[PDB]
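Here the structure is laid out as structure tokens; the discussion comes afterwards.
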Number of protein chains: 2
Amino acid sequence: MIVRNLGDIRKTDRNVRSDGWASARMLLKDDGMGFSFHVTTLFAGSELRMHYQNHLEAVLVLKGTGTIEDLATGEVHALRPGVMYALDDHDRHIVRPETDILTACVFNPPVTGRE
Amino acid sequence: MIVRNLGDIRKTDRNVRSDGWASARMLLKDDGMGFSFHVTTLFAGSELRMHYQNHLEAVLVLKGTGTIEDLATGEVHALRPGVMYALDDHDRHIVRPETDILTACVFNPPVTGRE
């Protein structure tokens, strides 16, 4: 069994920061689960479009509010606690946090942490 | 893109209840992501040992307190918000919620919802 704490991971190189977000990587490919599992903070005021190519991602909103806009349809979806979105390589999206947003994220295949 | 709300799913047959827990299945195998993604409530006072055979599971604690005991080692781990555990078929564990515990859970391969 693995048992790990977010607060511990946040104090390590498994916690990464970029422009507009930070993420604590709880599980990465080398943990062997066949998916990665992250606790990701999306900062207020960012306009985020990143997607790791050749991966699928699911995102559960834990805290905070904002929007996710689907550029394929023009749909603007509310983000708030309990909203989940799922993305592939073909999605064209923009995530815009109103407040900071805390999320639980899953990638398949797993993110490696080496980019 | 998929975008779905916990409150909506909870009102459907994707929300299942058993002895000691209930789960809203956000993503199942038929959603095509290659993992399932659940929001699971573990009830206060339960002593839970279930594991779906031939699956891997990761669990992030969102709310509540309790313990997870590893019968292979005798380790008793605290459950509280931000603790993540991961299990395979070989783990021998008991989860004992003190309060109700809310979790975000990932299974690989995905749960089907047909048992």
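So you know, we letter chains A, B, ... as the sequences are listed, proteins then strands, and number each from 1.
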Inset, instruction - Specify whether B/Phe37 and A/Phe37 have parallel, tilted or perpendicular ring planes, treating 30° as the upper limit for parallel and 60° as the lower limit for perpendicular. - result: perpendicular

Legend entry - Interface moiety of B/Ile68 toward chain A, non-hydrogen atoms closer than 4.5 Å: side chain

Inset, instruction - Please determine, among B/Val83, B/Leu6, B/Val3, B/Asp70, the option with the most heavy-atom pairs under 4.5 Å with chain A. - result: B/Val3

Legend entry - Pairs of heavy atoms under 4.5 Å with chain A: top-ranked of B/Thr73, B/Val39, B/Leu27, B/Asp31: B/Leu27

Legend entry - Same apolar cluster (I L V M F W Y, side chains within < 4.5 Å links), B/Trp21/B/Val95: yes

Inset, instruction - Mind listing the closest non-hydrogen atom pair of A/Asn108 and B/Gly34 along with its distance? - result: ND2-CA, 3.7 Å

Inset, instruction - Please look at A/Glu75 and chain B and tell me whether the side chain, the backbone, both or neither of the residue comes under 4.5 angstrom of a heavy atom of that chain. - result: neither

Inset, instruction - Drop me the distance from B/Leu60's CG to A/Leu62's CG, to the nearest 0.5 angstrom. - result: 7.0 Å

Legend entry - Value rounded to 0.5 Å, distance of CE in A/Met33 from CZ in B/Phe107: 9.5 Å

Inset, instruction - Under 4.5 Å, counting heavy-atom pairs only, tell me which of A/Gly82, A/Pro81, A/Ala86 racks up the most with chain B. - result: A/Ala86

Legend entry - Step-by-step side-chain contact (heavy atoms from CB on, under 4.5 Å) determination, A/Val106 to B/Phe35: CA-CA 9 Å; A/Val106 183; B/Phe35 58 87; 3.6 Å; yes

Legend entry - 4.5 Å side-chain heavy-atom contact, A/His77 and B/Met1: yes

